[PDB]
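What follows is a single structure, written as structure tokens, with notes after it.
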There are 4 protein chains.
Amino acid sequence: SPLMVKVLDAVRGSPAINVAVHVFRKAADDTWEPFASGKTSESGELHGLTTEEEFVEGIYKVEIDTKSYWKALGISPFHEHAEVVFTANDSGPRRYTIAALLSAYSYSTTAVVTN
Amino acid sequence: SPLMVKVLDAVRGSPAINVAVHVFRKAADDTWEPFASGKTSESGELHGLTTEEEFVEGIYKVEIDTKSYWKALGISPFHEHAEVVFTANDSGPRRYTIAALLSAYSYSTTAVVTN
Amino acid sequence: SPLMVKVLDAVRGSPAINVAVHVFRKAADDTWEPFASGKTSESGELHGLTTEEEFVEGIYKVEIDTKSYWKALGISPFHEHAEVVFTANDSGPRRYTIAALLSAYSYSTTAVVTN
Amino acid sequence: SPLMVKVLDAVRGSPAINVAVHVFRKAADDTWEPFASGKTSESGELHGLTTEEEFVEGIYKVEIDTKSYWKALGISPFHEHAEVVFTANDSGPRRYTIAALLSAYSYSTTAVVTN
Ligand SMILES: [Cl-]
Ligand SMILES: [Cl-]
Ligand SMILES: [Cl-]
Ligand SMILES: [Cl-]
């Protein structure tokens, strides 16, 4: 997959397991099409999201459903979810990894772009 | 204002000055109404966004327009913007501060809820 | 004070109140002298740490005692403390703000350097 | 290795490659013994740091030498280094992963503790 997502838990110090993740592509015009989705594994990683064939240039939104993750662990968190929005360019990097770190009232995300 | 937003710059180590910020409220149903907006000051803070009269319970989205901030500083960043989405509850805290820390390929946000 | 420290709590979504903070200066040579210290206020901020007279060039260590903060709130955290180490240059910025965001298993810090 | 360290770069959006990492153990008493060290690989990961035989209970310091990393990439950063200090307990988790995310004026670290 040219797009991978990895999620960590900063409250419990663990991979974020079984987190739902949705990818949308901005169709032109001008709304968010469901593009790909899945749930993180025991390592907190979500593999096989998409393929080079399906992953074309465009604006993508990665929605990590942090709210249900926390409730399943006994926590009612601040955020509804975590969102990451970016443009995929073919001149850009071949592989994108979206990494997220979750707390009850905070989150950080970073993009790791490689070849 | 019961809602304040503060933005820092982790690449240059400065307040994020003149960043555009938009707040939307999820109207029922089921879209994002423009609710309030403004630009951060020299301290990277955005004051007077709204009032207790206008700020009712609901789901709010705070969109920080990180892309134009970075381009104005000579940087073409990864993210289109930074988004923070949360529910305001009247049983909840009287004041919400959304703090964001921006990098070219990363951002973190935290909510500071006080009385 | 040319040095200020501000600490936030990402688990509870609050300023980090009454956190002990120690500043050391690397004496030449080659150990850490106690330079200044204090406890954050209700806003999570530590003001009046030092003065322009006392704050000379050198290597400084800011130790935030995150462990006792968390235990006082009923949490046994991962880290012993949070440390930030940097060089103050007179050609550099007049004011340094060290901002920290604490979780049970994580912390981030950023330096905000201004005039 | 029961201890692994992974480092990401938030300015360039890449694994942090060839970063020097030092682990010290607080000998009793009361100083920091060199315990283990190495340099991150192309994935930004540092494997084979130590073994279950050598990794006993105690207080450990992980020093990531962020300054030379940045200079090698043409950047003069704020921090001298990134430090992470924690207690290893045998009742604790079998494996510790220290993850760090670096910017010029900021860093975050998180501990991922697993079995
Ligand atoms: Cl709910
Ligand atoms: Cl563009
Ligand atoms: Cl203890
Ligand atoms: Cl130097």
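If you're wondering about the labels, chains in the structure tokens are A, B, ... by order shown, residues count from 1 in each chain, ligands from 1 in order shown.
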
Just need the residues of chain C within 7 Å of chain B, counting only C-alpha atoms, so spit them out as a list in words. residues 10, 13, 14, 15, 110, 111, 112, 113 and 114 of chain C

Keeping only N, CA and C atoms, take the residues you just selected and write them out as a short mmCIF file (atom, residue, chain, number, x, y, z; two decimals), in the first residue's frame.
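selection.cif, written as the output of this step:
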data_model
loop_
_atom_site.label_atom_id
_atom_site.label_comp_id
_atom_site.auth_asym_id
_atom_site.auth_seq_id
_atom_site.Cartn_x
_atom_site.Cartn_y
_atom_site.Cartn_z
N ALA C 10 -2.27 16.82 29.03
CA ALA C 10 -3.00 16.29 27.88
C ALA C 10 -3.92 15.14 28.26
N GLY C 13 -6.56 17.69 30.29
CA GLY C 13 -6.94 18.83 29.48
C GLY C 13 -6.94 20.11 30.30
N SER C 14 -5.88 20.31 31.07
CA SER C 14 -5.83 21.43 32.00
C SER C 14 -4.42 21.98 31.98
N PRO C 15 -4.26 23.23 32.45
CA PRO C 15 -2.90 23.68 32.74
C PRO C 15 -2.29 22.71 33.73
N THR C 110 8.38 22.50 23.27
CA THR C 110 8.73 23.36 22.16
C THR C 110 9.30 24.62 22.76
N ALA C 111 10.16 25.28 22.01
CA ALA C 111 10.75 26.52 22.47
C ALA C 111 10.16 27.62 21.62
N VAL C 112 9.71 28.67 22.28
CA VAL C 112 9.15 29.81 21.58
C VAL C 112 10.10 30.96 21.88
N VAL C 113 10.84 31.41 20.87
CA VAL C 113 11.87 32.42 21.07
C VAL C 113 11.47 33.76 20.44
N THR C 114 11.38 34.82 21.25
CA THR C 114 10.80 36.09 20.79
C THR C 114 11.58 37.31 21.26
#

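When the distance limit is 9 Å and only C-alpha atoms are what count, the residues near stretch 70-82 of chain C, minus those fewer than 5 positions from it on the same chain, are residues 13 of chain A; 62, 63, 64, 65, 100, 102, 103, 104, 105, 106, 107, 108 and 109 of chain C; 59, 83, 84, 85, 86, 87 and 111 of chain D.
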
Residues as selected, N, CA, C and O atoms, written as an mmCIF file, in the first residue's frame, can you do that?
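File produced: again.cif:
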data_model
loop_
_atom_site.group_PDB
_atom_site.id
_atom_site.type_symbol
_atom_site.label_atom_id
_atom_site.label_comp_id
_atom_site.auth_asym_id
_atom_site.auth_seq_id
_atom_site.Cartn_x
_atom_site.Cartn_y
_atom_site.Cartn_z
ATOM 1 N N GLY A 13 0.271 3.952 26.726
ATOM 2 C CA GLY A 13 1.615 3.615 26.279
ATOM 3 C C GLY A 13 1.614 2.334 25.460
ATOM 4 O O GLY A 13 2.433 1.448 25.662
ATOM 5 N N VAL C 62 16.438 22.558 31.543
ATOM 6 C CA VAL C 62 15.177 22.797 32.229
ATOM 7 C C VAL C 62 14.572 21.438 32.550
ATOM 8 O O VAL C 62 14.216 20.674 31.645
ATOM 9 N N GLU C 63 14.496 21.120 33.833
ATOM 10 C CA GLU C 63 13.968 19.838 34.259
ATOM 11 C C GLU C 63 12.589 20.065 34.827
ATOM 12 O O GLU C 63 12.430 20.760 35.824
ATOM 13 N N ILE C 64 11.590 19.498 34.164
ATOM 14 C CA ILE C 64 10.229 19.546 34.659
ATOM 15 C C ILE C 64 9.962 18.227 35.360
ATOM 16 O O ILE C 64 10.096 17.148 34.763
ATOM 17 N N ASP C 65 9.587 18.323 36.628
ATOM 18 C CA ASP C 65 9.433 17.158 37.476
ATOM 19 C C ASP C 65 8.045 16.517 37.296
ATOM 20 O O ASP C 65 7.188 16.573 38.165
ATOM 21 N N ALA C 100 5.662 22.786 27.512
ATOM 22 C CA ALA C 100 5.673 21.326 27.609
ATOM 23 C C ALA C 100 4.237 20.821 27.662
ATOM 24 O O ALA C 100 3.353 21.489 28.193
ATOM 25 N N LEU C 102 2.218 17.301 28.670
ATOM 26 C CA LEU C 102 2.505 16.072 29.392
ATOM 27 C C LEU C 102 1.402 15.049 29.225
ATOM 28 O O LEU C 102 0.224 15.405 29.291
ATOM 29 N N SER C 103 1.795 13.788 29.011
ATOM 30 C CA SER C 103 0.878 12.650 29.113
ATOM 31 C C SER C 103 1.520 11.607 30.033
ATOM 32 O O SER C 103 2.658 11.786 30.485
ATOM 33 N N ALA C 104 0.817 10.514 30.314
ATOM 34 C CA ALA C 104 1.377 9.524 31.227
ATOM 35 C C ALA C 104 2.609 8.838 30.627
ATOM 36 O O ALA C 104 3.542 8.499 31.352
ATOM 37 N N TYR C 105 2.593 8.625 29.315
ATOM 38 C CA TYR C 105 3.681 7.906 28.624
ATOM 39 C C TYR C 105 4.336 8.753 27.537
ATOM 40 O O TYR C 105 5.096 8.251 26.705
ATOM 41 N N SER C 106 4.052 10.046 27.536
ATOM 42 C CA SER C 106 4.586 10.882 26.482
ATOM 43 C C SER C 106 4.778 12.305 26.975
ATOM 44 O O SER C 106 4.172 12.720 27.963
ATOM 45 N N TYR C 107 5.661 13.039 26.308
ATOM 46 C CA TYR C 107 5.683 14.495 26.478
ATOM 47 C C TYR C 107 6.262 15.147 25.243
ATOM 48 O O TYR C 107 7.001 14.533 24.490
ATOM 49 N N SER C 108 5.889 16.397 25.017
ATOM 50 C CA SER C 108 6.444 17.132 23.918
ATOM 51 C C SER C 108 6.877 18.439 24.504
ATOM 52 O O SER C 108 6.324 18.907 25.501
ATOM 53 N N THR C 109 7.866 19.042 23.889
ATOM 54 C CA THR C 109 8.231 20.351 24.348
ATOM 55 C C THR C 109 8.557 21.192 23.145
ATOM 56 O O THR C 109 8.915 20.665 22.095
ATOM 57 N N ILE D 59 16.959 2.802 36.625
ATOM 58 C CA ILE D 59 16.602 4.044 35.941
ATOM 59 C C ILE D 59 17.472 4.249 34.697
ATOM 60 O O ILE D 59 18.704 4.235 34.770
ATOM 61 N N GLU D 83 16.194 13.956 25.479
ATOM 62 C CA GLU D 83 16.420 13.001 26.555
ATOM 63 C C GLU D 83 15.113 12.377 26.988
ATOM 64 O O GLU D 83 14.074 13.037 27.055
ATOM 65 N N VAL D 84 15.165 11.090 27.288
ATOM 66 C CA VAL D 84 14.022 10.400 27.823
ATOM 67 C C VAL D 84 14.516 9.605 29.031
ATOM 68 O O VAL D 84 15.462 8.838 28.906
ATOM 69 N N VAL D 85 13.902 9.802 30.193
ATOM 70 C CA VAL D 85 14.355 9.137 31.415
ATOM 71 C C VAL D 85 13.203 8.379 32.045
ATOM 72 O O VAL D 85 12.126 8.944 32.231
ATOM 73 N N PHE D 86 13.419 7.100 32.360
ATOM 74 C CA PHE D 86 12.358 6.234 32.879
ATOM 75 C C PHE D 86 12.900 5.065 33.697
ATOM 76 O O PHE D 86 14.080 4.740 33.606
ATOM 77 N N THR D 87 12.019 4.428 34.468
ATOM 78 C CA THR D 87 12.358 3.271 35.295
ATOM 79 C C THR D 87 11.879 1.985 34.639
ATOM 80 O O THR D 87 10.709 1.862 34.254
ATOM 81 N N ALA D 111 6.492 6.496 24.933
ATOM 82 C CA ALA D 111 6.981 5.164 25.241
ATOM 83 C C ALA D 111 5.871 4.211 24.878
ATOM 84 O O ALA D 111 4.707 4.448 25.198
#

Name all residues at most 7 Å from residue A:25 (count only C-alpha atoms; drop same-chain ones fewer than 4 positions away) and give them as a PDB file with C-alpha atoms, in the first residue's frame.
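And here's out01.pdb as it stands now:
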ATOM      1  CA  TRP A  32     -15.418  13.593   0.150  1.00  0.00           C
ATOM      2  CA  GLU A  33     -15.760  10.159  -1.514  1.00  0.00           C
ATOM      3  CA  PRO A  34     -15.149   7.072   0.600  1.00  0.00           C
ATOM      4  CA  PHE A  35     -11.825   5.814  -0.752  1.00  0.00           C
ATOM      5  CA  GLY A  58      -5.704  14.319  -5.291  1.00  0.00           C
ATOM      6  CA  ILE A  59      -6.659  15.674  -1.888  1.00  0.00           C
ATOM      7  CA  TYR A  60      -7.079  12.956   0.750  1.00  0.00           C
ATOM      8  CA  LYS A  61      -8.625  13.006   4.189  1.00  0.00           C
TER       9      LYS A  61
END

Pick out each residue of chain D that DSSP on the backbone tags as strand (DSSP E or B); I need them as a count of residues only. 60

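The closest residue to ligand 3, picked from D:89, D:21, D:47, D:98 and counting only C-alpha atoms and all ligand atoms, is D:89.
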
Please identify the alpha helix (DSSP H) residues within chain C (assignment by DSSP from backbone atoms) and present them as a PyMOL selection string. chain C and resi 66-72

Restricting it to C-alpha atoms, dump the selection as a short mmCIF file (atom, residue, chain, number, x, y, z; two decimals), in the first residue's frame.
data_model
loop_
_atom_site.label_atom_id
_atom_site.label_comp_id
_atom_site.auth_asym_id
_atom_site.auth_seq_id
_atom_site.Cartn_x
_atom_site.Cartn_y
_atom_site.Cartn_z
CA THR C 66 6.56 15.37 35.74
CA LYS C 67 6.63 12.31 38.04
CA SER C 68 5.49 14.03 41.26
CA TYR C 69 2.91 16.02 39.29
CA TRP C 70 1.23 12.83 38.12
CA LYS C 71 1.43 11.00 41.47
CA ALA C 72 -0.25 13.98 43.14
#

Would you list the contacts of residue B:57 as a PyMOL selection string, taking every protein, DNA or RNA residue within 12 Å and counting only C-alpha atoms, but skipping same-chain residues closer than 3 positions in sequence? chain B and resi 2+25-28+52-54+60+86-94
